[PDB]
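J.: This structure is in structure tokens; I'll ask about it shortly.
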Amino acid sequence: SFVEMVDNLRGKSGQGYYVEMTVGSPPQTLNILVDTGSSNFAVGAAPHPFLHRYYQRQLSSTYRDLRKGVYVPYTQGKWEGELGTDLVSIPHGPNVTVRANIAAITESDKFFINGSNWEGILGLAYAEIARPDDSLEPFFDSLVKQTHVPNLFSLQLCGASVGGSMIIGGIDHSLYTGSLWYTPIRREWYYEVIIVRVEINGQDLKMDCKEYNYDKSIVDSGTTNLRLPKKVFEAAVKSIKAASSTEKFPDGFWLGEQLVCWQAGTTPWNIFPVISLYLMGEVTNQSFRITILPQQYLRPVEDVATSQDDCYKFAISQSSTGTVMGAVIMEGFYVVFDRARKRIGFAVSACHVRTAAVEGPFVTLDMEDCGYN
Ligand SMILES: CCCCNC(=O)[C@H](C)C[C@H](O)[C@H](Cc1ccccc1)NC(=O)[C@@H]1CCC[C@H](C(C)(C)NC(C)=O)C1
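Numbering-wise, the sequence shown is residues 46P, 47P, 48P, 1 to 157, 169 to 361, 366 to 385 according to the deposited numbering.
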């Protein structure tokens, strides 16, 4: 019954999507951010200025202390805590219960966001990148092994308050339109894929495709923006600045720091070009592309003066650790993390809240060489 999982996600724009879960006995309810960019399941287990509530191990009879510490650093933010196991369930998900590893966060820095509504994080990636090491089985692996839930999940993240769906164990045909296109997972650690071509405003970036995946390209629901390697980021911004030459924006805008407003309903979408990302396909020399609209990479933010002007932020930033296809990229699509077949599927999302596209086939030679080594 995937229908019961539809809309099981929510959150605030730019602060991630979270799902409700329960841990321990009796069940303790908490909101957990869905992160395909990590592999650790962790929850606040101690007081914190931004935590509405937290996991109380003492109150759980099924709690088991592993007597081992843990530290996890992200692109932004970090925490440390005590490892242990307990019973976990997902109210608006599969009707099952499993014992999984849980990191009880005792201390953190720039991790919890003031007013996010979530008190934990669910790393959905592979054990390979779990801390302290790959012997700490990730939550999804425990779920699949302890239950009959198929080895895959799908995410439908809807743009701007924000909502979405995490279908655990399968694909929900009502969450997308058109056909699903699959790209191979290059290696099972992060959900790594290979970008074989990039176009902006219909113009090819004419860069060595390896630059697009330096030093890797991952799909991360836990990162809001689209992050690009330095050299690719510079070329993208240049192309995007030109296409919107009709207008001028502060340098802070192009840094994702500042924000630009406009009269409610007067946002000049026509001046902002679409971005096409071509991904390695499933048959020889075959690829496909997903198109990202400005309505995606221009994240809407709170009005400065008063509710009357639509303000936005450039949701594209620079990266020194490879390409990151974040939420703004995932918003336009229904994304299938097909672990069982080591592939990720993309299809036009059913959530309207204009539209992005997924088209193929296209031809590209030596696709594997686009991957960085
Ligand atoms: C240990 C081996 C795995 C490490 N993996 C990572 O660091 C990945 C690449 C990034 C994480 O998904 C992280 C998860 C996170 C979510 C919310 C808050 C903090 C961390 N998000 C990031 O590091 C992003 C870095 C850019 C800014 C965003 C922001 C703070 C704005 N939060 C969201 C949800 O976008 C977070």
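All C-beta atoms in this analysis are idealised placements derived from N, C-alpha and C, irrespective of residue type, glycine included.
When the Cα atoms are used, what is the spatial distance from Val291 to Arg349?
T.: Here residue 291 corresponds to residue number 283 of the sequence shown, with the count starting at 1. Here residue 349 corresponds to residue number 341 of the sequence shown, with the count starting at 1. Those two C-alpha atoms are separated by around 14 angstroms.
J.: Just to confirm the assignment: which complete alpha helix (DSSP H) runs, minimum length 4, are found wholly within the stretch 44-83?
T.: The stretch 44-83 contains no whole alpha helix (DSSP H) run of 4 or more residues.
J.: Within the chosen definition, does the stretch 35-52 reach the stretch 94-105 through at least 3 CB pairs nearer than 8 angstroms?
T.: The stretch 35-52 vs the stretch 94-105: in contact.
J.: Between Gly334 and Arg235, how many whole angstroms is the CB-CB distance? I'm expecting something under 8 angstroms.
T.: On the sequence shown, position 326 is the one that residue 334 refers to. On the sequence shown, position 227 is the one that residue 235 refers to. Between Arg235 and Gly334 the Cβ distance is about 7 angstroms, and since that is below 8 angstroms, they are a contact.
J.: Rounded to whole angstroms, what's the CA-CA distance from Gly264 to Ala323? Just pull it up for me.
T.: Here residue 264 corresponds to residue number 256 of the sequence shown, with the count starting at 1. Here residue 323 corresponds to residue number 315 of the sequence shown, with the count starting at 1. In a straight line, the C-alpha of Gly264 is about 6 angstroms away from that of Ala323.
J.: According to DSSP, what are the bridge partners of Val16?
T.: The residue you call residue 16 lines up with position 19 of the sequence shown. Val16 is bridged to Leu6 and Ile29.
J.: Do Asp83 and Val141 have their CB atoms nearer than 8 angstroms?
T.: As a first step, residue 83 must be located in the sequence shown, where it is residue number 86. As a first step, residue 141 must be located in the sequence shown, where it is residue number 144. No; because the gap between Cβ atoms is not below 8 angstroms, this pair is not in contact.
J.: Check for me: the beta strand (DSSP E) holding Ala100 runs from which residue to which?
T.: Position 103 of the sequence shown, counting from 1, holds the residue named residue 100. Run containing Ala100: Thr94 to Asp106, per the beta strand (DSSP E) assignment.
J.: Say whether the stretch 276-288 touches the stretch 301-319, bearing in mind that this needs 3 or more beta-carbon pairs closer than 8 angstroms, one atom from each stretch.
T.: In short, these stretches touch, since the Cβ pair count reaches three.
J.: Please classify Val40: does DSSP put it in a helix, a strand, or coil?
T.: Counting from 1 along the sequence shown, the entry for residue 40 is found at position 43. If DSSP states are grouped into helix, strand and coil, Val40 belongs with the strands.
J.: Kindly examine ligand 1 and report whether one of its heavy atoms sits closer than 7 angstroms to the Cβ of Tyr71.
T.: Here residue 71 corresponds to residue number 74 of the sequence shown, with the count starting at 1. Checking every heavy atom of ligand 1 against the Cβ of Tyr71, one is found closer than 7 angstroms.
J.: Check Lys238 in the structure and name its three-state DSSP category.
T.: The residue labelled residue 238 in the question sits at position 230 within the sequence shown. DSSP places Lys238 in helix when its eight states are reduced to three.
J.: Output yes or no for whether 8 angstroms exceeds the beta carbon distance between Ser151 and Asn5.
T.: Along the sequence shown, one-based indexing puts residue 151 at 154. Along the sequence shown, one-based indexing puts residue 5 at 8. Cβ atoms of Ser151 and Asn5: not closer than 8 angstroms.
J.: For ligand 1, is there any heavy atom lying closer than 7 angstroms to the beta carbon of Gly11?
T.: Indexing the sequence shown from 1 puts residue 11 at position 14. It does: the Cβ of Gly11 is within 7 angstroms (strictly closer) of some heavy atom of ligand 1.
J.: Within its chain, find whatever has a CB closer than 7 angstroms to the CB of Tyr60; leave out the 5 residues flanking it on each side and keep chain order.
T.: As a working note, residue 60 is residue 63 in the sequence shown. Closer than 7 angstroms at the Cβ level, and outside the excluded window around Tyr60, lie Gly21, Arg54, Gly81 and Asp83.
J.: Does the beta-carbon distance from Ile110 to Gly41 come in below 8 angstroms?
T.: Working through the sequence shown from its first residue, we reach residue 110 at position 113. Working through the sequence shown from its first residue, we reach residue 41 at position 44. For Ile110 and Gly41, no; Cβs fall outside 8 angstroms.
J.: Which residue marks the beginning of the alpha helix (DSSP H) containing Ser139, and which one marks its end?
T.: Here residue 139 corresponds to residue number 142 of the sequence shown, with the count starting at 1. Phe136 to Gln143 is the span of the alpha helix (DSSP H), which, as asked, contains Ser139.
J.: May I ask you to verify whether the stretch 306-318 touches the stretch 188-204, counting CB pairs closer than 8 angstroms and requiring at least 3?
T.: Touching, no.
J.: Return the residue from the list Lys65, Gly210 and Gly112 that minimises the CA-CA distance to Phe47.
T.: Start at 1 with the first residue of the sequence shown, and residue 47 comes out as number 50. Looking at the Cα atoms, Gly112 is the closest of the given residues.
J.: At the level of alpha carbons, what is the spacing between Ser325 and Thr232?
T.: Here residue 325 is taken as the residue at index 317 of the sequence shown, counted from 1. Here residue 232 is taken as the residue at index 224 of the sequence shown, counted from 1. Rounded to the nearest angstrom, the two C-alpha atoms are 10 angstroms apart.
J.: Could you check the C-alpha separation between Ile126 and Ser253 for me, to the nearest Å?
T.: For the purposes of this step, residue 126 is taken as the residue at position 129 of the sequence shown. For the purposes of this step, residue 253 is taken as the residue at position 245 of the sequence shown. Looking at the two C-alpha atoms, the distance is approximately 42 angstroms.
J.: Output the distance between the C-alpha atoms of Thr185 and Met338, rounded to the nearest integer angstrom.
T.: Start at 1 with the first residue of the sequence shown, and residue 185 comes out as number 177. Start at 1 with the first residue of the sequence shown, and residue 338 comes out as number 330. Whole-angstrom Cα-Cα distance: 15 angstroms.
J.: Determine the DSSP secondary structure at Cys382, reduced to helix, strand or coil.
T.: On the sequence shown, position 370 is the one that residue 382 refers to. Three-state DSSP puts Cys382 in a helix.
J.: In three-state terms, what does DSSP make of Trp262?
T.: Here residue 262 refers to the residue found at position 254 of the sequence shown. The answer is helix: DSSP assigns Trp262 an H, G or I state.
J.: Taking the straight line between their C-alpha atoms, what separation do you get for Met18 and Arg7?
T.: By one-based count along the sequence shown, residue 18 stands at place 21. By one-based count along the sequence shown, residue 7 stands at place 10. Taking the straight line from one Cα to the other gives about 13 angstroms.
J.: Look at the Cβ atom of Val370, then the Cβ atom of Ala358, and state whether they are nearer than 8 angstroms.
T.: In the sequence shown, the residue the question calls residue 370 occupies position 358. In the sequence shown, the residue the question calls residue 358 occupies position 350. Their beta carbons are not under 8 angstroms apart, which means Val370 does not touch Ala358 by this criterion.
J.: CB-CB under 7 angstroms to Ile179, same chain, minus the five flanking residues each way: which ones, in chain order?
T.: Your numbering for residue 179 matches position 171 in the sequence shown. The residues are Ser151 and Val344.
J.: With distances taken between CB atoms, is the gap from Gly230 to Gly383 smaller than 8 angstroms?
T.: Residue mapping note: residue 230 aligns to position 222 of the sequence shown, counting from 1. Residue mapping note: residue 383 aligns to position 371 of the sequence shown, counting from 1. Cβ atoms of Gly230 and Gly383: not closer than 8 angstroms.
J.: At a threshold of 7 angstroms, does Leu27 count as lining ligand 1 (C-beta to nearest heavy atom)?
T.: Your numbering for residue 27 matches position 30 in the sequence shown. No; taking the cut-off as 7 angstroms, the Cβ of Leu27 has no heavy atom of ligand 1 nearer than that.
J.: On the DSSP bridge assignment, give the partners of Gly171 in chain order.
T.: For the purposes of this step, residue 171 is taken as residue 163 along the sequence shown, with counting starting at 1. Looking at the DSSP assignment, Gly171 forms a beta bridge with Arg7.
J.: Considering just the uninterrupted stretch of the alpha helix (DSSP H) at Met215, what are its terminal residues?
T.: Walking along the sequence shown from the start, residue 215 turns up at place 207. Premise fails: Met215 is in no alpha helix (DSSP H) and is neither H nor E.
J.: For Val375 and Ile175, what's the separation of their Cα atoms in angstroms?
T.: Within the sequence shown, residue 375 is the residue found at index 363, counting from 1. Within the sequence shown, residue 175 is the residue found at index 167, counting from 1. Between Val375 and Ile175, the C-alpha separation is close to 32 angstroms.
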